[PDB]
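Residue numbers (the authors' numbering): 11 to 341. The next block holds one structure in the form of structure tokens; read it before the comments.
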Ligand SMILES: O=C(O)CNC(=O)C(=O)O
Ligand SMILES: [Mg+2]
Ligand code: NI
Ligand SMILES: [Zn+2]
């Protein structure tokens, strides 16, 4: 069995290997990459996403979100307070302001220590889930707006034609902006490209051990767990690496830098934070191997999770027994 310790693997495809996306995901899995829940892919030196990032300042962040924490430094939740619209140029100036800018630090490990010590005492503002793309239309390799759609994959594997679309999303981050512990909708894959700016640190639990994380989370967030049997789908809970180690939870960590892709695998729980002003693009995707994970994905039906239009068909076809309860949580 490849990668039995579930380490995060890093890949360096050649320009030829970068042509066929599906084939390279299957190759990474042949080497055991999915066992980690997360892999890094460094593009060949010949590749670029677009020519420059000099002309992005007029993109609008319609609903910036202030991430307000509650709890203790290593075990906390966050809620998202809506703020007034602002452009990417305005957001970049805000991220660089004395109130929000990255502090002086020695290296990534020092900054990680500072994050976990001090995150809860600040409320950073995040631009999230902005439909759009920064890939040039002429970039033919690993262009996250030109991937095969999840609806087409389901139709190819299972024969059922369904409604829905699958488009990318942009993220604009600052120091201490935080992504809570979660798996993807319907335990899909994700891919994330860091277009520009400062790094993103990731934490991940191997898919084979995800239920260990879920059990700790029920212990640590006992009111939330009573409220909903899949409350991690709410995407509000944080647990630090120190707390995970104290509780024996298997996990790994890695820092993504600008120009690098990350792939998350089905049922790989992940969380992380941004180092300073940055912009990422991400989308969900599927392969044949996903279908069995989609069929078994937990679901939130309490009302909190609310998700895209295109999840309806996935639940309807893959999880007909759960569909009526889930749709009620949508309504
Ligand atoms: O960068 C982010 O805020 C979130 N990214 C992910 O959870 C992802 O691509 O799956
Ligand atoms: Mg612009
Ligand atoms: Ni994710
Ligand atoms: Zn719920």
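Note that CB positions come from ideal geometry on N, CA and C, so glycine has one too.
For residue j and residue i, believed in contact at Cβ under 8 Å, the rounded distance
i	j	result
residue 47	residue 282	In fact, because the Cβ distance is near 12 Å, the residues do not count as touching under 8 Å.
residue 112	residue 286	4 Å
residue 327	residue 172	7 Å
residue 191	residue 249	6 Å
residue 71	residue 36	Contact doesn't hold; Cβ gap of about 36 Å is too wide.
residue 196	residue 307	5 Å
residue 243	residue 235	So it is not a contact: roughly 12 Å between Cβ atoms.
residue 273	residue 201	5 Å
residue 99	residue 67	3 Å
residue 336	residue 311	5 Å
Three-state class that DSSP yields for residue i in the structure shown
i	result
residue 229	helix
residue 220	helix
residue 128	helix
residue 213	strand
residue 160	helix
residue 252	helix
residue 92	strand
residue 86	strand
residue 335	helix
residue 247	strand
residue 234	helix
residue 37	helix
Sheet register partners of residue i (DSSP bridge)
i	result
residue 175	DSSP lists no partner for residue 175.
residue 289	182, 206
residue 192	280
residue 272	50, 202
residue 79	88
residue 294	200
Residues surrounding ligand 3 [beta-carbon distance to nearest heavy atom under 7 Å]: 189, 192, 194, 200, 274, 280
Residue list, Cβ distance to ligand 2 heavy atoms smaller than 6 Å: 65, 66, 67, 68, 69
Segment contact flag, the stretch 120-130 with the stretch 29-36, C-beta cutoff 8 Å, min 3 pairs: no
Pocket of ligand 4 defined by Cβ to heavy atom distance under 5 Å: 238, 310, 312, 314
contact_flag[the stretch 158-170, the stretch 315-333] where n(CB pairs < 8 Å) is 3 or more: yes
Validate contact between the stretch 262-272 and the stretch 45-59 using beta carbons, cut 8 Å, 3 pairs: yes
At least three beta-carbon pairs within less than 8 Å, the stretch 174-190 to the stretch 137-148: The stretch 174-190 vs the stretch 137-148: in contact.
Stretch-stretch touch, CB-based, cutoff 8 Å, three pairs: the stretch 146-153 with the stretch 68-81: no
Sufficient close CB pairs (3 or more, under 8 Å) joining the stretch 17-25 to the stretch 239-254: Look at the beta carbons and you see the stretch 17-25 not touching the stretch 239-254: under three pairs across the two are nearer than 8 Å.
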